Amino acid sequence: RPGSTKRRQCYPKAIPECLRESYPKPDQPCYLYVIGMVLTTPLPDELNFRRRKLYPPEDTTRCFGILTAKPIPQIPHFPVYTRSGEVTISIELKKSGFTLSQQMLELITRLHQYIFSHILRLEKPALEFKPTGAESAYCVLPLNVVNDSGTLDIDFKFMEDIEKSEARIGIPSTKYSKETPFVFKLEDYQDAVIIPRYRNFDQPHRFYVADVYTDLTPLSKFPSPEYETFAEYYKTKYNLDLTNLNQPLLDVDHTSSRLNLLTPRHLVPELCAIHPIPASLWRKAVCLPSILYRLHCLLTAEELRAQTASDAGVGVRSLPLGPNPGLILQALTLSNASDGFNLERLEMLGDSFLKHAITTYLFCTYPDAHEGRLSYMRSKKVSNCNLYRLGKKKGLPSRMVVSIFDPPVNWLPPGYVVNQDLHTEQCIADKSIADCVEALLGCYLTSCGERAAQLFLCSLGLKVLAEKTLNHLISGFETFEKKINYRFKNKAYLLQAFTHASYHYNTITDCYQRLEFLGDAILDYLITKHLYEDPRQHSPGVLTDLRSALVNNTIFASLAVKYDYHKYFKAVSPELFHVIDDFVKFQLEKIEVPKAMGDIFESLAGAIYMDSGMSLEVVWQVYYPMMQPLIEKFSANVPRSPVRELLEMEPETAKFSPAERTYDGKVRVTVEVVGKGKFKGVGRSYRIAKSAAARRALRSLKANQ
RNA sequence: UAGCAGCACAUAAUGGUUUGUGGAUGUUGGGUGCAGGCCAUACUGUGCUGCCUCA
């Protein structure tokens with residue numbers, strides 16, 4: 001069925017408007033952004049297993065810049081988890097409206113290809129570099145501080161030096177001889193990436209110079225137990241005789257193969273070619289996939305924020321407000337993506353508000369429709385099927401973050417195309433599209449409030465925007481008004497809330513059921529909002545349990561009794577009065593729970609809402625003090641099913657019998673606890689019977705301890 | 001800077017199981033829809049390893 005977990009559809013991945021077809025043209029205006037990088041949380045030495053120097057990206061003059069034909073909007077700064085620790089990333093506009101020659105652009109584009117294909121090794125047989133044909137079409141280039149002025153500019157000299165370098169295309173063929181002996185220059189290695197010239201020619205291993213040992217030489221002990229010295233090693237393995245046996249040695253670290261950095265984890269110089277790119281900049285380059293991917297994701301969320309400000313009139317289209325793009329990114333992220341956050345908290349809050357909004361709308365739009373009809377209409381509008389259709393219509397599937405980020409397996413680099421797919425497409429369940437709509441609603445609600453959330457629903461396509469008899473029938477309710485600490489402006493709502501369908505003496509208002517319908521959704525929402533805003537920051541699972549335990553007719557009935565609602569209840573059913581008196585007796589001492597007592601509790605919430613001029617706050621002011629003791633009790637001690645508690649205490653020993661229908665229509669259930677006895681429970685339903693059996697077993701077990 | 005095979009965990013897919021829930025021919029409750037918790041087949045990622053490339 002549409003909106004079901006069992007139905008899956010494939011969708012193309014969305015690329016932000018500011019990155020789509022964004023390739024700089026010769027002699028045309030372009031934009032240059034600096035990738036600002038700051039080490040905000042250094043990695044502890046215990047996690048840094050080699051205890052290597054942490055390299056704050058900010059300690060070095062060279063960085064990367066993004067060159068694009070279209071402007072990039074302001075995005076929140078975001079963390080990246082490097083081997084140095086948490087690095088906060090900023091994307092900062094450095095130059096706008098400037099032009100580049102064909103030769104300058106060719107140098108930039110060639111170096112851009114060189115980064116992704118040669119440095120990062122992301123170009124695969126399935127991928128082709130087509131910068132003019134690629135959907136995501138921007139260039140990345142080196143920036144450097146000009147003359148120590150602290151001002152960053154395009155390092156053209158360095159790009160040209162990379163082009164003149166033979167080391168660009170492969171391993172340099174410069175073999176040293178006794179006539180042309182190798183000369184070590186320290187300045188050339190302090191911030192160098194090196195390539196060993198005698199091995200692994202198809203995939204040359206690259207290393208960062210971590211340090212230069214001036215005390216160690218080719219005659220010193222080799223790190224592999226296979227050889228006595230560095231000179232013996234090269235002579236034995238590659239037949240290479242060194243010209244300079246007194247040259248210093250390089251301490252080196254492998255260039256990182258891990259390109260996903262979005263979450264926390266917790267040699268002889270003469271025989272090496274110097275890669276023309278410095279090690280500092282190469283460390284920055286390794287972050288480009290996570291940075292660009294995150295940038296792309298945040299730009300998609302900002303695009304959705306801006307689109308919603310245009311379509312719903314919620315927030316401002318361009319920031320100097322609407323929700324933070326990071327919260328939108330949360331609402332667009334499935335738990336499968338493993339990105340440190342998920343849509344589940346926002347989804348649950350949205351659902352509760354959605355119910356409230358539709359319930360209110362239906363109640364006001366259909367003044368003559370009975371509860372069962374409003375409940376039926378409600379059930380259709382809030383369905384996972386309808387929500388899926390709305391999310392699909394809004395283009396959410398192409399914007400959702402569904403799978404774990406893996407650059408060489410599921411990411412397309414800028415300027416590349418796929419040779420005709422984990423790079424361009426994703427498979428999504430219809431239910432997940434529905435869940436995302438509720439999470440977006442929760443985002444707008446938490447960030448911009450209820451009116452904004454309603455305007456957001458309207459933007460998705462959900463339309464969400466006698467007197468003598470009265471005085472006689474309300475006689476004595478003044479004590480009730482004082483007990484609840486609320487005075488009704490229109491006592492007809494109070495009368496309606498306490499009028500059962502059997503109470504035909506009331507010919508001036510309806511029965512309580514319509515207000516029950518309205519109140520149910522109000523209480524669910526208010527309770528859910530409160531639980532979501534709770535300082536304990538309950539998990540999605542715990543929020544579900546607490547919502548289930550607090551939003552319950554039994555609890556509403558228990559409160560109705562404690563607050564004397566039963567004394568004001570108007571009914572003409574002696575049996576109902578006896579059931580209420582028996583339940584009231586049971587509640588006063590500490591057995592069927594009278595449904596009507598929970599219903600009138602909800603109906604009075606509906607009454608107060610209508611009498612207060614649709615003020616949820618007034619309703620909450622009245623109900624929160626009544627519910628606060630229970631909210632505190634269950635949020636301190638998250639509740640349990642007696643069947644589950646018995647199964648937790650006795651998992652292999654407690655076995656329940658099938659449902660036995662007794663001669664009176666009532667169900668009987670027996671629980672056998674191996675070595676501890678058999679306990680029988682009876683009730684009008686299998687759980688009432690099974691729970692009664694489980695409670696009898698639990699009582700016996702606890703009494704024998 | 002490489003590949004593979006075990007173990008932990010997360011995770012979606014296709015089956016089953018179990019709690020909640022719905023209007024339904026509802027002769028007095030087994031027809032189907034959606035959620036949770038489990039069992040199985042099979043996917044990916046990180047990590048604890050193990051073998052195994054270069055050093």
# chains A, B, ... in the order shown; residues from 1 in each chain; ligands from 1

$ interface_residues --of "chain B" --to "chain A" --cutoff "8 Å" --atoms "only C-alpha atoms (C1' of nucleotides)" --output "JSON, numbers by chain"
{"B": [1, 10, 11, 12, 34, 45, 54, 55]}

$ select_by_dssp --residues "stretch 281-528 of chain A" --states "helix (DSSP H, G or I)" --output "MDAnalysis selection string"
chainID A and resid 281:312 325:331 335:337 344:365 371:381 384:393 397:399 407:410 430:448 450:460 467:473 477:483 491:497 513:528

$ residues_around --residues "residue A:276" --least-positions-apart "6" --cutoff "10 Å" --atoms "only C-alpha atoms (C1' of nucleotides)" --output "PyMOL selection string"
chain A and resi 158-159+161-168+188+192-194

$ atom_distance --atom1 "atom CA of residue A:197" --atom2 "atom CA of residue A:270"
9.1 Å

$ residues_around --residues "residue A:320" --least-positions-apart "3" --cutoff "10 Å" --atoms "only C-alpha atoms (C1' of nucleotides)" --output "PDB file with C-alpha atoms, in the first residue's frame"
ATOM      1  CA  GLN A  74      25.722  31.686   4.607  1.00  0.00           C
ATOM      2  CA  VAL A 316      12.797  35.370   5.898  1.00  0.00           C
ATOM      3  CA  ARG A 317      13.897  34.182   2.406  1.00  0.00           C
TER       4      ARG A 317
END

$ residues_around --residues "residue B:41" --least-positions-apart "4" --cutoff "12 Å" --atoms "only C-alpha atoms (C1' of nucleotides)" --output "ChimeraX atom specification"
/B:13-16

$ residues_around --residues "stretch 553-563 of chain A" --least-positions-apart "5" --cutoff "8 Å" --atoms "only C-alpha atoms (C1' of nucleotides)" --output "ChimeraX atom specification"
/A:483-484,584,587,593-602,626-627

$ closest_residue --among "A:631, A:604, A:127, A:281" --to "residue A:58" --atoms "only C-alpha atoms"
A:281

$ select_by_dssp --residues "stretch 586-690 of chain A" --states "strand (DSSP E)" --output "short mmCIF file (atom, residue, chain, number, x, y, z; two decimals) with N, CA and C atoms, in the first residue's frame"
data_model
loop_
_atom_site.label_atom_id
_atom_site.label_comp_id
_atom_site.auth_asym_id
_atom_site.auth_seq_id
_atom_site.Cartn_x
_atom_site.Cartn_y
_atom_site.Cartn_z
N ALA A 654 8.52 -18.40 33.08
CA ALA A 654 7.13 -17.96 32.98
C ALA A 654 6.53 -18.21 31.58
N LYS A 655 5.55 -19.12 31.47
CA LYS A 655 4.85 -19.45 30.21
C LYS A 655 3.34 -19.20 30.34
N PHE A 656 2.74 -18.48 29.39
CA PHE A 656 1.30 -18.18 29.41
C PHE A 656 0.49 -19.15 28.56
N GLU A 660 -8.69 -18.89 27.21
CA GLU A 660 -9.85 -19.78 27.40
C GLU A 660 -11.11 -18.92 27.56
N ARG A 661 -12.08 -19.04 26.65
CA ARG A 661 -13.34 -18.28 26.75
C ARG A 661 -14.24 -18.99 27.76
N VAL A 667 -12.62 -13.87 29.22
CA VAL A 667 -11.39 -14.63 28.92
C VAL A 667 -10.66 -15.02 30.21
N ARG A 668 -10.14 -16.24 30.27
CA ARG A 668 -9.31 -16.77 31.37
C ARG A 668 -7.93 -17.12 30.82
N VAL A 669 -6.88 -16.76 31.55
CA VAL A 669 -5.48 -17.03 31.18
C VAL A 669 -4.72 -17.57 32.38
N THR A 670 -3.90 -18.61 32.20
CA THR A 670 -3.07 -19.17 33.27
C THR A 670 -1.60 -18.92 32.98
N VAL A 671 -0.82 -18.41 33.93
CA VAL A 671 0.63 -18.28 33.76
C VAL A 671 1.29 -19.31 34.64
N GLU A 672 2.14 -20.14 34.06
CA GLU A 672 2.89 -21.15 34.78
C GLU A 672 4.31 -20.64 34.97
N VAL A 673 4.76 -20.52 36.21
CA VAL A 673 6.14 -20.16 36.51
C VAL A 673 6.78 -21.46 36.99
N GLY A 677 4.82 -22.27 40.58
CA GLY A 677 3.36 -22.45 40.53
C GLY A 677 2.61 -21.89 39.32
N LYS A 678 1.29 -22.11 39.29
CA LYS A 678 0.33 -21.66 38.26
C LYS A 678 -0.63 -20.62 38.83
N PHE A 679 -0.77 -19.49 38.13
CA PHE A 679 -1.62 -18.36 38.52
C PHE A 679 -2.66 -18.04 37.44
N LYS A 680 -3.95 -18.06 37.79
CA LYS A 680 -5.06 -17.79 36.86
C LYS A 680 -5.57 -16.35 36.96
N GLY A 681 -5.82 -15.72 35.81
CA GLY A 681 -6.39 -14.38 35.69
C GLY A 681 -7.63 -14.40 34.78
N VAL A 682 -8.65 -13.59 35.09
CA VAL A 682 -9.89 -13.49 34.30
C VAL A 682 -10.23 -12.03 33.99
N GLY A 683 -10.76 -11.76 32.81
CA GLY A 683 -11.18 -10.43 32.38
C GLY A 683 -11.89 -10.46 31.03
#

$ residues_around --residues "residue A:261" --least-positions-apart "6" --cutoff "10 Å" --atoms "only C-alpha atoms (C1' of nucleotides)" --output "number ranges by chain"
A: 79-83, 86, 286-291, 405

$ closest_residue --among "A:455, A:387, A:348, A:134" --to "residue A:315" --atoms "only C-alpha atoms"
A:455
